[PDB]
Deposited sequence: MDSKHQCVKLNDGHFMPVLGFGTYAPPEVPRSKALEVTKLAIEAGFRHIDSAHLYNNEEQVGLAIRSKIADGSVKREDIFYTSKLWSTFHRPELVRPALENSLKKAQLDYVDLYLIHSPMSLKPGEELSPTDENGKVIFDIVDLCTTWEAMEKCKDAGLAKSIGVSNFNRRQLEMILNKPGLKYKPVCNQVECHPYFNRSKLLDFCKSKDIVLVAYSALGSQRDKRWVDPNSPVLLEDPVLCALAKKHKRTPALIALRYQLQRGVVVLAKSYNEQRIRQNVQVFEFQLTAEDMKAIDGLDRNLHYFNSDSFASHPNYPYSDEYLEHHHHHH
C-alpha cells in the first residue's frame, strides 16, 4: 500500500529502482520496468542522470495503454542533476525530463544531491578534477516550489541531504512547501536511525536506496566492503522465514516506516521482491537486524568527500 505525504499525496511504500550502467542497452530499461509494473510495483524511481527516462516513460505509458494501470495508479520519480541547481535552470530540467518521458507531470521531483557541480553531467577541468559549484540550495528549492505550484511535479523532495542540510530548507524564510521526502542510502549496515527519527519528526518520509547493498559499482564502491546480501544474520532470517536475504532487507525497511526502493534487471527477482508484502519479521527479527548497523556507506569518493556539501562526516 501507500503512505500519505506532508502535502497530501500518496507514495507506494515499495519502489522500483531503474538505474543500470552504460553497458546495459537502453532497450532493456523498457522491458524491466514493464515486468516491474506487471509484477505489482506502482512506484518507479528514475533520474536525469540515469539516462533512461524515454524508456521508463514509455514503460509506464505502455502499461496505461494495455489497461493494466491508470496514470494516477502510478508514482513516477525523476530527479534534478547537480549541474542544474541554479534556480533559473530547475524548471527547464524538469520540463526536459517530462518531454523525454512523454509525460504531463512527475509525481515526485527530487534534488538528486546537494553536491553542486558546474552548470556535461560530469564537468571536468584540464586534469580530470571534477568542477565544483557553490549555490544557495534554498534558491534551488524556491524554484522546485514554482514547479509544484505549476503542476509539473505533484510532490517535491530532496535526496542525499543530512540533518543539517534538511534544517536549512525547513527553516528557509518564506518556505512554502516542506520537502515530502529525503531519499538516502539506507540498509542494515547503514540504517540511518538517527536521521530516520528526525525525518519522522519533521513529517518527512525517508526513502531507502541501495537497500540491497547496491550494485557495487566500480566507480563508487570499495570492492573490499562486505556484500550486504551475504550477511549471516540476513541469511539466517531468510531460512527462518523461507525467503531470500533480499526480501528480509526490504521487509526490514517497511517495518520501520521507511519507503524502500529495489532495483533488478532480472525477471525472477523483480517478481520475487513483491513477496515483501506476504510476510512479517518479528520484534526479535527487527532488533537483530538493527544490530547489523556499522556506519558503512557503499558510495565513496575522495573527490567528493571534499565538496563543501558532502553529506557524511568521515
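Deposited-sequence stretches lacking C-alpha coordinates, listed in sequence order:
Residues missing from the model, as numbered along the full deposited sequence, span 1 to 5, 125 to 126, 322 to 331.
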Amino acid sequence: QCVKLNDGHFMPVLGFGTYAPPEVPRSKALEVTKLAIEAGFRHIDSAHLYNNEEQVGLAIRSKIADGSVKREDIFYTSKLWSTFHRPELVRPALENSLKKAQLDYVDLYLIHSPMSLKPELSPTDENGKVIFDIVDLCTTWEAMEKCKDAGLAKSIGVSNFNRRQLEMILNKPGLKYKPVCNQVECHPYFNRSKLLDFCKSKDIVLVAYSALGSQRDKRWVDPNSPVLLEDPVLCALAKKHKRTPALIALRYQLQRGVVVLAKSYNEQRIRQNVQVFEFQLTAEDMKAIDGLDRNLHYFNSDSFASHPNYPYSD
From here on, numbers count along this sequence of modelled residues.
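Heads up, when I say rigid core I mean the largest set of C-alphas that superpose within 1.5 Å between the two forms.
On a core superposition, give the stretch, 218 to 226 or 159 to 167, with the larger average C-alpha separation from this form in 9 other deposited structures of this protein (RMS over structures and residues).
After the core superposition, the stretch with higher RMS deviation in 9 other deposited structures of this protein is 218 to 226.
Superpose by the rigid core and compare 293 to 301 with 13 to 21; which one moves more, by C-alpha RMS, in 9 other deposited structures of this protein?
Relative to the shown form, the greater RMS C-alpha distance in 9 other deposited structures of this protein belongs to 293 to 301.
For the higher mean C-alpha B factor in the entry, choose 19 to 27 or 286 to 294.
Taking the mean B-factor of the alpha carbons in each, 19 to 27 is higher.
Going by the average Cα B-factor in the PDB entry, point out whether 47 to 55 or 246 to 254 comes out higher.
Averaged over C-alpha atoms, the B-factors run higher in 47 to 55.
Among the choices 203, 126, 133, 185, identify the one whose CA B-factor in the record is greatest.
Across 203, 126, 133, 185, the entry lists the biggest C-alpha B-factor for 126.
Please pick out which of 220, 161, 198, 81 has the largest Cα B-factor as recorded in the entry.
By C-alpha B-factor in the record, 220 ranks first.
Divide the modelled residues of the chain into thirds by Cα B-factor and specify which third, lowest, middle or highest, holds residue 8.
It falls in the top third of the chain.
Mind checking which third residue 64 falls in for C-alpha B-factor across the chain?
Top third by C-alpha B-factor.
Grab the CA temperature factor for residue 174 from the record and place it in the lowest, middle or highest third of its chain.
Its C-alpha B-factor belongs to the lowest third of this chain's values.
Per the entry's values, where does residue 232 land by CA temperature factor relative to the rest of its chain, in the lowest, middle or highest third?
Residue 232: CA B-factor falls in the middle third of its chain.
Quick one: classify residue 153 as lowest, middle or highest third of the chain based on its Cα B-factor.
Middle third, going by the recorded CA B-factors of the chain.
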